[PDB]
């Protein structure tokens, strides 16, 4: 059993920046990969980034050069550094973790990011 808790969203102006946290608890030593997803109003959830235990990162075209995913194994936390923020980045951001040799998956509760004014 792995649980994920998110924090760090909020309201920011276009051009601002935010860091989102994804704190994992439970059998975190079985986690294989972690990823960040977002769900815009009225849209399917969308893959954003992915990171392995070793630190290899993968990104979608929509956030390449603007968002950064990292992980701190000492704290069981995965971060999403959201920079160069556009109004189109307004969404609920979700983190996930694949564990037990990628057989199971856990999701965070989501955190709202609003880019306005």
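Numbering follows the first chain given and starts at 1.
> Name the third of the chain's ranked CA B-factors that contains residue 81, choosing lowest, middle or highest.
For residue 81, whose C-alpha B-factor we compare with every modelled residue in the chain, the answer is the middle third.
> Can you tell me whether residue 96 has a C-alpha B-factor in the lowest, middle or highest third compared with the other modelled residues of the same chain?
For residue 96, the deposited C-alpha B-factor lands in the lowest third.
> Based on the deposited C-alpha B factors for this chain, I'd like to know if residue 88 is in the lowest, middle or highest third.
Answer is middle: the recorded C-alpha B-factor places it there.
> Split into thirds by Cα B-factor across the chain's modelled residues, where does residue 103 land: lowest, middle or highest?
Highest third of the chain for residue 103's C-alpha B-factor.
> Is the Cα B-factor recorded for residue 22 in the lowest, middle or highest third of its chain?
Ranked within chain, residue 22 CA B lands in the lowest tercile.
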